[PDB]
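The chain contents come next:
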Amino acid sequence: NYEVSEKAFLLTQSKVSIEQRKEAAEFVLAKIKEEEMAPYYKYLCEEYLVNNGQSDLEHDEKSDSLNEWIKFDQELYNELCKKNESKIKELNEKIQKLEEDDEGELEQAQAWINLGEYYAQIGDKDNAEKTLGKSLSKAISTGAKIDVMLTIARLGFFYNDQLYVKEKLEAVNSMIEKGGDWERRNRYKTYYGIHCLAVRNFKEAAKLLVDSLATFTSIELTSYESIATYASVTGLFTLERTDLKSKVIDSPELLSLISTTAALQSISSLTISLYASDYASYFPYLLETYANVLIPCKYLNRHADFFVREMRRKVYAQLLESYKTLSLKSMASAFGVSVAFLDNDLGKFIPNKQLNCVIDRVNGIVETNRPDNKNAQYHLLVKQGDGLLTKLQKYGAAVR
Amino acid sequence: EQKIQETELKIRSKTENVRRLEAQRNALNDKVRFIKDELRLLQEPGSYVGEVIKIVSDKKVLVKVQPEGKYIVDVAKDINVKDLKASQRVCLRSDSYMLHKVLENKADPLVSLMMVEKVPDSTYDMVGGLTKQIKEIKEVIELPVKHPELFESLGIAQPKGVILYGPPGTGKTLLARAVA
Amino acid sequence: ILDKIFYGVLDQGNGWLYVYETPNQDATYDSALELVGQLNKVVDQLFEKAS
Amino acid sequence: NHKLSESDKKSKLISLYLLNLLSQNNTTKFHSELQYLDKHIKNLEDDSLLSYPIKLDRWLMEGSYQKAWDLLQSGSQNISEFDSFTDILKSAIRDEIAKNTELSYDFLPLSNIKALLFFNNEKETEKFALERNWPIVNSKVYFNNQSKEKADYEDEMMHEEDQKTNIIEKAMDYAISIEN
Amino acid sequence: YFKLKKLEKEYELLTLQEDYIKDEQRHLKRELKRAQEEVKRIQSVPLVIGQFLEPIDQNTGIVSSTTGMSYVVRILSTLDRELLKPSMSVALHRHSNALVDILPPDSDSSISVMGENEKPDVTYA
Amino acid sequence: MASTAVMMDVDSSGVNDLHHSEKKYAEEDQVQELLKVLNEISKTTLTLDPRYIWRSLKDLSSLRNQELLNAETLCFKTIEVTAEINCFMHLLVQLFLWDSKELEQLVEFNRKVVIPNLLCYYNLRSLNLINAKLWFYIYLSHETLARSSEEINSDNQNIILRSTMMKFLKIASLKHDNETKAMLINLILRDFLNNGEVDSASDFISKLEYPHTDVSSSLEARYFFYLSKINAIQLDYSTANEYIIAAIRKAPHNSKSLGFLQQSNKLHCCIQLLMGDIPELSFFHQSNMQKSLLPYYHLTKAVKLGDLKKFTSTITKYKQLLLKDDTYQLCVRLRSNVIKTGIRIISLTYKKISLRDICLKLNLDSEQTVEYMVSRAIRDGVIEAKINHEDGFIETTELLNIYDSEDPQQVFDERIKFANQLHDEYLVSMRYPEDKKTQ
Amino acid sequence: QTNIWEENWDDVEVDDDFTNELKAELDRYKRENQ
Amino acid sequence: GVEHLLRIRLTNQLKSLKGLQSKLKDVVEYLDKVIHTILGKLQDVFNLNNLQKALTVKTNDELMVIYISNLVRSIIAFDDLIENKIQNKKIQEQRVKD
Amino acid sequence: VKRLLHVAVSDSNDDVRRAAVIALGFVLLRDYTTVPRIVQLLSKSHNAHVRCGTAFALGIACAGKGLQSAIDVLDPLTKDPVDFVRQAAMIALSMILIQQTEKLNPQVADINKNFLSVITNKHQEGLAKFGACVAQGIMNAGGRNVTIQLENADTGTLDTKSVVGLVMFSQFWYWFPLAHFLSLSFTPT
């Protein structure tokens, strides 16, 4: 499941290297052999289809597909349907015998969960769900309700999905506030920090994501680098430096995995080099991070410029500041970079509503100004009497 | 011609302000009586709770008031003798010493070290690994409990009491409670 | 370590940064937005109940 | 429908008349006449005369007149019948620029303002400035007061600080009181 | 024209019909308030202490008497379920015998009080 | 069959009898609700065919048979009166392109329904049993003309219609002769929106709004909708939008959300454009273009930058769509308005810039028009800055307030004006439950 | 376009990051030229 | 017993005149009574007005938040009754079984 | 009326209001019509006197007239805890109810018996039985064969003497030796 959806994501994102394409489905090629992945690997092969995912032995085979590995065979189905049936048949009478013998309940639910996991291996966003229902139907335990999480987490994030599972996560979480004791809370927070990481988490669960580590990861629903990676980035890109320089300044967590995946090396690291307030070095470390981090990984791509430019803003906002003063030149020039261009997007922060920057172009000079009490007193005030006016009419719609 | 015609529509429109005042009527007068309504009950002798000892054919319920002692006293007409029960929490007409109405009876376990916790909770998985026992337990208890007649179908007398013998102290109670 | 800005704006021609202030405004609608953010939702839900 | 008859300077006329309206300095009706126009662009763009006012307006409306003001000197309709408002318009133009200058500037060289006003003599301007009642020293038009501030009416309402809010309060309090 | 002088004229009544009411409106309005007074005023001091047990419904509950009585009584229209509190030391009307108020305070009936050294005199170790 | 069809009409007439008893609060709303059910059974087949017999026998019923114009016959002074009218109502209803194609037959019949024994005694009696839309909605179709030559002299029927609608505006006696009314205006409004300049809208405005309650929020909103487009080239934006902000949900339309509310929304998008606000089309991406927004997005897309060329190109591309919606007239203003918008963020940030950097952006655009172009900008405010060319220094003001002004408290009076909002309108809706308890 | 991203403000713009790097090189390359 | 008799803001203002009424007169009284130094003692605290500063305007600052609840003040009104009352009506009006 | 209302509205003293309510049905004589709808407010009020003064005027307005509708409003008041109230209500009814009885108005039976009920009742006052016995005797005044008439459509016109006994009887529990004045409006069938 796990690398699937990412190796999916990997090749679905393939831009940089054929490897980006190649190496992912490479496994998936072996993995659709490993598991009968076709039924979504079907639509997975229609997922990145009509980009470079255009070469399949079922869906489409196109030269403009740089990925041929998005291919099938009908044997896969034969393989599948056999495996499928085999799985099915076995569990069927098994479950049917569990039904026959009135054998256990969770034990009935047992093969159900077994029935369930296939559709993860299979890729069926299906029976497993109904199975889960008839698993959960047989659940006398939140520990089986735990499997909802497991199920739903495998559900949503086999496709890297959204809400229902999150809602299910909400649902399955809200049920027992035992939060799987300490743990499923994490699993909750994990995928919650992932659901909400679609596309956001930003300030929100990145904390939580950072908050609990290393307390879980999943294997099939996530790796440990993953959570760390993700948790770092957003939480870093978002959260309070104090926190970050309390926490991601370093954590035994980090200290453990620092450069261990090499892959990061940057996220906080070269941002700790930002957090080392270079001018340049980080400004390369950006894309040095970006393409090594954002493009590669699921949400990390789709959100994109949220980061970019926001750390790119971040570098303006707390690091370089407005700045309250100093000729833009000494910034824009004495930092050995494009005066105008840098200044432009930098100036594009003037109306971004975030700049207390006060910026001249001619004199290449920058200033600042208190933000008074504005903050968010009435500004949003409008929204709700409106949100009432919704009701207020909706009410006035009640009537008869 | 139409001279006085639409003159209706003048007062014909007035039909509303009526109904405002009509809305107001309720909107007002409801309060008044209501606010007034409390005034009476503020005059009360009291209301006796009671602990029914029992009834008899007499339709005088036989009762011990909690601070008082036992009195056998008539009921409210609005209740049966049959709906009644002993110990029953009831409004007793204070000085009439007849049932004013019935309350929720309160009851009831006891103490003396014979006391009853009623269907306790645990789940057997939590000492898990014993399940061979648990299965045996289920077989000696749950399956007897869940479907005794399987054993009646077999035509035995299924276990009415059970033994467990071996390593002590796992939360052994859990073994019992979780099944129970 | 306000926290926290580092900081104003250095100047080449010269050699120094700027300054500012902390105390902005009290947290009020911040406090309140949440309420009126909260209010409708359940009452929307409540409208739903009545519907 | 009127295809039954049709003619040409009908374009010119309304062209003149839109330009008239334009000179008549009535913005919406001018434009809403373009809306009242039946075929608009179909009519409009195909007539330079019709093409004057809005393209002018484009210029005119926001307040850079440069080519527009230039255009109307070169305007074939100005060159044909239109020089009527062209004169008016020139003045009509500059008075806004005058304010725009007055807005943009306090102290402006008499050259620039003339350069702005497109005048040859600056005493041409000097009238206007003094006709505008503009503070001036040698060679430079000054604006000490760019505006009319104070000046009688628009008073007794806002500042309506508490009074309105007091009444609002009062109202709100009646929205509190008449809530009865 | 015609039938209205018959008909229409009869609506002048319906005009008055309003005019009857908004008059009587203020009545209940005031009749409220001076009455709104006393319904408040029925509370009073020289009471008997007790302990609240449990509401039977809103404006009905059982309390405990310090004298050992425990009975269905009436209560504040003031407290309901919110401000009504699960058990309370309570202000009790005597013969109306009803709940006058909850009591925040005190301690030391019997029982026989509570041992209190506030700021005990012993350091540990 | 035809029965059940008529059985509905029967039950409707049954409720029409509830009108033949009295208003019609039910009956109209019934008829309204029935008008919803009007879709279901329908045809004319033995509907209209037995209807003649079901009507039989009234003259106008036989007159309406001219609209029937089929094989009916078969067999079947009071119970036949407003029913027939209510069927003449259905006669209208029949014709939606339901049970019809060319209503120009019925155009005449409209009059020959509306005029005879109709459009007469109904002041309080017929309660918007007139649907002048359904009246005109006919002509609405026909106004696909083109064809009619207009037609005629130009186009006098629609003229006469306006006059005939005026003949109701006449008949609109404010005796509750209302509901339908400003449709007649909405017509004339959109009749101005056909060829015209609404400005008698002001005179229309002079009279009234569709007062008041009993009108469908739809038309009440559809009022605003046009009433917006008044202020459109009246160049009031807020109030226009305020009309939209009085318009949209708000008259619940969902069915009419599709084609119709886009129109509404289409205009709505234009507003903040006129105000330079460009709200987030992030939703306006969806339930939108497809057929409505995205040129506005393209506009917004431009209007975010406001690059005249790139801007114009949008228009240049979408002009016909603009043209289709006559939104073309717009956006020509907003061209430099965004250019000026950018001007504000060019770093007006520095308390100046010098002339020729703030010229530089125009030295990116044009020169010494700068003088104008900035005065062109400084003219309207839209930026607050100063200059003197004597200095050649373009001085960009603070734009800075510690507010402590009434400014938010204006926005409170706003709130405050809603402090009653339903708070009052509860007392409005306090009557209905409790005074219908009195019945 | 999908359903719920982080939405607003607005789509921003595109071709910046690499453009930046393209310039970050050039910038630094200019700073190499420096 | 007083309660047996009779049967928010404004009055607070209503003395606005009283002293100020006699006051200047009281001057003109003594002014044209004798036509003391105490009066001049009264004087200097007159300037204690036209005093108003931007300091004044800080009021609205305060007055801003002062209004926050104005919705919320009635928001619960804006919420509950006729919802439930309709429900209660929907209860009551649908009650109507036999 | 508006005054009288607001007066009754605006007075502390209840009897005045009671009175003020009573006197209404005089200026309200010519239409007994809305008088029930009129009192339908004052029918329902915290105060007895209000609810007292109700009984008379309506009982007066329809005295020579119909409207069990009007009547039936008062029957709750006939149960208002103050016997003096129902006593009035007792009266007020019978003032209307003469000649109207027996399945024309079936209610009279109770109403009569109510008196007798009360007249039987020891727990009902000599307030209660007072009006009861009187209201009985009211219905039975003039060998029960006589009626009560004012502004008589017979003449179409008022007679003050009809009024007098009422206003005379008005204060009675005040000053008892009065009601014999009520003999005035006694009218032959």
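Residues numbered from 1 in each chain as written, not as in the entry; some residues may be left out. Chains lettered and ligands numbered in written order. Part of a larger assembly, values for the part shown. Heavy atoms only, no water. Residues with missing side-chain atoms left out of burial classes, pairs and counts.

This deposited entry lists cryo-EM as its structure determination method and 4.6 Å as its resolution.

Our focus in this paragraph is the overall build of chain A. Along chain A, the regular secondary structure elements total 20 helices and 2 strands. Over its C-alpha atoms, taken along the principal directions, chain A stretches across nearly 85 × 60 × 50 Å. Sequence separation of at least 24 residues holds for 58% of the intrachain contacts in chain A that already meet a minimum separation of 6. (Helix = DSSP H or I, 4+ residues; strand = E, 2+ residues; numbered from the N terminus. Contact = heavy atoms within 4.5 Å.)

To continue, consider the overall build of chain G. A tally of helices and strands in chain G yields 1 helix and 0 strands. In terms of its C-alpha atoms, chain G occupies a principal-axis envelope of roughly 45 × 15 × 10 Å.

At the interface, 12 residues of chain B touch 7 residues of chain F. With both chains or domains summed, chain B and chain F bury close to 910 Å², and 49% of this area falls on carbon and sulfur atoms. Here chain B is connected to chain F by 1 salt bridge. At the junction of chain B and chain F, the tally comes to 3 residue pairs in polar contact. Classifying every residue of the side of chain B that touches chain F gives 2 nonpolar, 3 polar and 7 charged. (Buried area = accessible area lost by both parts, 1.4 Å probe. Salt bridge = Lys/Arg side-chain N within 4 Å of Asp/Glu carboxyl O. Polar contact = N/O pair within 3.5 Å; in protein donor to acceptor, adjacent residues only side chain to side chain. Nonpolar A, V, L, I, M, F, W, Y, C, P; charged D, E, K, R; others polar.)

Residue and element names in this part refer to chain A. On the surface, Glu100, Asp101, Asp102, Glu103, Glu105 and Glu107 cluster together into a negatively charged patch. Within the fold, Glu100 resides in helix 4 (residues 74-101). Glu100 gets classed as exposed once you look at its relative accessible area, which sits at 64%. (Patch = residues over 30% accessible without salt bridge, like charges linked within 9 Å, V, L, I, M, F, W, Y side chains within 5 Å. Areas by Shrake-Rupley, 256 points an atom, 1.4 Å probe, with all protein chains shown as cover. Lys, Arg positive; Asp, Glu negative; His and termini not counted. Charge placed at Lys NZ, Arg CZ, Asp CG, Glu CD. Buried < 20%, exposed > 50% of the residue type's maximum accessible area, 1.4 Å probe, protein only.)

Our focus in this paragraph is the UniProt feature "domain: PCI" in chain A. Following the UniProt record, the feature "domain: PCI" maps to residues 201-373 of chain A here. In residues 201-373 of chain A, helix accounts for 50% and strand for 2%; the two terminal C-alpha atoms are 28 Å from one another. (UniProt positions renumbered as here; feature names shortened; annotations may be inferred.)

Residue and element names in this part refer to chain D. A sheet is described by the order of its strands in space; here 3 strands give the open sequence 1-3-2, paired in antiparallel fashion. For this open sheet the edge positions go to strand 1 (108-109) and strand 2 (136-137), each flanked by a neighbour on one side alone. With 2 bridges joining them, strand 1 and strand 3 (residues 140-141) adopt antiparallel strand pairing. Following the sheet pairing, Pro109 is matched in strand 3 by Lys140. (Pairing = 2+ DSSP bridges.)

Glancing now at a nonpolar patch on the surface. Taken together, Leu24, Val27, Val28, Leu31 and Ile35 of chain H make up a surface patch of nonpolar side chains, about 450 Å² in accessible area. A relative accessible area of 37% means that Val27 of chain H is categorised as partly exposed.

Another point: the environment of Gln77 of chain D. Residue and element names in this part refer to chain D. Position of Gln77 among the secondary structure elements: in helix 6 (residues 76-104). Residue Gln77 is classed as buried on the basis of its relative accessible area, which comes to 1%. Sequence separation of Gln77 and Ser139 is 62 residues, and the distance between their C-alpha atoms is 37 Å. In contact with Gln77, other than residues within four places in its own chain, are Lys12, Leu16, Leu49, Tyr52, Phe82 and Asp83.

Turning to the nonpolar core, a few remarks are in order. One finds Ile152, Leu169, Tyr191, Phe307 and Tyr316 of chain A to be the most contacted residues of the largest nonpolar core, which totals 67 residues. With 7 residues, the single largest contributor to this core is helix 15 (residues 282-293) of chain A. Residue contributions to this core reach at least three from each of two domains, namely domain 1 (1-322) and domain 2 (323-369) of chain A. With residues near it in sequence (within four places) discarded, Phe307 of chain A still touches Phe237, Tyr282, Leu286, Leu294 and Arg312 of chain A. Listed in part, the 57 residues of the second largest apolar core include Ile54 and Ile97 of chain D together with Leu362 and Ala385 of chain F. (Core = buried A, V, L, I, M, F, W, Y, C linked by side-chain atoms within 4.5 Å. Domains from an automatic or database assignment.)

The subject of this paragraph is the pairing of strand 2 (residues 60-64) of chain B. Residues and elements named next belong to chain B. Summarising the sheet, strand 1 (residues 47-54) and strand 2 pair through 3 bridges and their orientation is antiparallel. In the sheet register, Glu51 faces strand 2, and the bridge partner there is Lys64. Linkage of strand 2 to strand 3 (residues 70-74), two consecutive antiparallel strands, is achieved through a turn of 5 residues.

Residue-level contacts link 49 residues of chain D with 40 residues of chain F. Among the elements of the structure, helix 2 (27-36), helix 4 (48-62), helix 6, strand 1, helix 7 (110-117) and helix 9 (162-177) of chain D are those that each provide at least two residues to the side of chain D that touches chain F. The element contributing the most residues to the side of chain D that touches chain F is helix 2 of chain D, with 8 residues. Taken together, the residues that form the side of chain D that touches chain F break down as 22 nonpolar, 16 polar and 11 charged.

The next thing to look at is the layout of surface pockets. Computed from the structure, the second largest pocket encloses a volume of approximately 1200 Å³. Counting residues per element, the ones that place at least two in the lining of the second largest pocket are helix 4, helix 5 (106-122), helix 7 (142-158) and helix 9 (183-195) of chain A together with helix 2 (131-140), helix 3 (142-146) and helix 5 (172-179) of chain B. Considering only residue class, the lining of the second largest pocket consists of 18 nonpolar, 11 polar and 18 charged. (1 Å grid on protein atoms, 1.4 Å probe; cavity = no way out; pocket = protein on both sides within 12 Å on 5 of 7 lines; lining within 4 Å. Points joined across faces, edges and corners; volume = space filled by probe spheres on them.)

This brings us to empty space enclosed by the protein. There is about 290 Å³ of room inside the largest cavity. Among the elements of the structure, helix 5 (81-94), helix 6 (104-114) and helix 8 (156-171) of chain F are those that each provide at least two residues to the lining of the largest cavity. Ranked by residue count, the leading element in the lining of the largest cavity is helix 5 of chain F, at 4 residues. Residues belonging to the lining of the largest cavity are distributed by class as follows: 17 nonpolar, 5 polar and 2 charged. Considering only enclosed or pocket space, the second largest cavity measures out at about 110 Å³ in volume. Forming the boundary of the second largest cavity are 14 residues, of which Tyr119, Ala120, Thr151, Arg154 and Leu155 of chain A lie nearest the centre. Elements supplying a minimum of two residues to the lining of the second largest cavity: helix 5 and helix 7 of chain A. For the lining of the second largest cavity, the element with the highest residue contribution is helix 5 of chain A, accounting for 5 residues. Of the residues contributing to the lining of the second largest cavity, the split by class is 7 nonpolar, 3 polar and 4 charged.

For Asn47 of chain I, the position within the fold is in the loop between helix 3 (35-43) and helix 4 (48-61). At a separation of 3.2 Å, a polar atom in the side chain of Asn47 of chain I contacts the side chain of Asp14 of chain I.

The next thing to look at is the arrangement of the chains. Highest in contacts among the 17 pairs of chains that touch are chains D and F. The two partners chain B and chain D share no contact, and the minimum distance between any of their C-alpha atoms is 9 Å. What separates chain E from chain F at the closest point of their C-alpha atoms is a distance of 15 Å, and the two make no contact.

As a further point, take the UniProt feature "repeat: TPR" in chain A. The UniProt record marks residues 109-142 of chain A with the feature "repeat: TPR", using the residue numbering of this structure. Across residues 109-142 of chain A, helical content stands at 71% and strand content at 0%; the span's end C-alpha atoms are separated by 13 Å.

Bringing a positive patch on the surface into the picture now. A cluster of basic side chains, namely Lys31 of chain B together with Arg26, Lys29 and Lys33 of chain E, defines a positive patch on the protein surface. The element that contributes the greatest number of residues to the positive patch is helix 2 (residues 11-41) of chain E, accounting for 3 residues. In this structure, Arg26 of chain E sits in helix 2.

A few words on the packing of aromatic side chains. Evaluation of the coordinates by the stated rule reveals 43 aromatic pairs over all chains. On the basis of an interplanar angle of 90° and a centroid distance of 3.8 Å, the ring pair of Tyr378 of chain A and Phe412 of chain F is categorised as edge-to-face. Placement of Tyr378 of chain A in the loop between strand 2 (366-367) and helix 20 (382-398) and of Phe412 of chain F in helix 20 (residues 407-419) is noted, with the two residues assigned to different chains. Neither residue differs from the other here; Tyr378 of chain A and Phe412 of chain F are each classed as buried. Members of the aromatic cluster, each reached through a chain of ring pairs, are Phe56, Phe84, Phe130, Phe169, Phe172, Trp173 and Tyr174 of chain I. Between the NZ or CZ atom of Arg162 of chain F and the centre of the ring of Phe192 of chain F, over which it lies, the distance is 5.8 Å. Stacked on the ring of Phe260 of chain F, the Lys or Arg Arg222 of chain F has its end atom at 4.6 Å from the ring centre. (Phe/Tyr/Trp six-rings, centres within 6.5 Å; stacked < 30°, edge-to-face > 60°. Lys NZ or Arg CZ within 6 Å of the ring centre and 35° of its normal.)

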